[PDB]
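Presented below is the structure to which this report refers.
Only the coordinates and a few stated rules stand behind these numbers; no lab work does. Please note: Cβ atoms are built from the backbone with ideal geometry, for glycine as well, and neighbour counts cover all protein chains shown.
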Amino acid sequence: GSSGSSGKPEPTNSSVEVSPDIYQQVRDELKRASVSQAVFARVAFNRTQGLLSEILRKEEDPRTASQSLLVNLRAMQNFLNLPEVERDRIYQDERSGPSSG
């Protein structure tokens, strides 16, 4: 009797891969969204800066990195996968406050 429409799929991944340039990626990402390692790290793997900073300083290779770090690395790479449109917003959501100028 008329009416009828549905859809909206669902993702399904498990332990994604990580790139060796994961570091350069983040840095670039930040320089892209012009966000703070904090905001990102927060929307990356729920972390801070002092940490992410060390991850960008030591750049613990994802080949030797420890599960602890890898856990983050994986997360990050998972975030860098998100849609630019999202990341743009995700970041904005974090900042929470445009205040032109």
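Tabulated results
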item: Using θ = phi - 60° and Karplus 6.51 cos²θ - 1.76 cosθ + 1.60, couplings along the range 16-26 (whole Hz; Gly, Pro as x); result: 6, 8, 10, 8, x, 9, 3, 4, 3, 4, 3
item: On Cα atoms only, tilt of 84-95 relative to the major axis of the chain in degrees; result: 70 degrees
item: Residue-span extension gain [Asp93 to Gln24] - 0.36 nm each, minus C-alpha spacing; result: 22.5 nm
item: Sorted peptide list for 71-81, 85-95, criterion being average Cβ within 10 angstrom, highest first; result: 71-81, 85-95
item: Label-point separation in nm, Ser34 to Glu17, each point 7 Å along Cα→Cβ; result: 3.4 nm
item: Nearest 10 degrees, 0 to 90: helix 67-79 Cα axis against the chain principal axis; result: 40 degrees
item: Relative pair counts by distance (%), Cα atoms of the chain, 10 Å bins; result: 14, 44, 25, 10, 5, 2, 0
item: Between the range 69-90 and the range 33-56, the Cα center-to-center distance that results, in Å; result: 11 Å
item: Computed label-point distance, nm, for sites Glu86 and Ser3 using a 7 Å Cα→Cβ extension; result: 3.1 nm
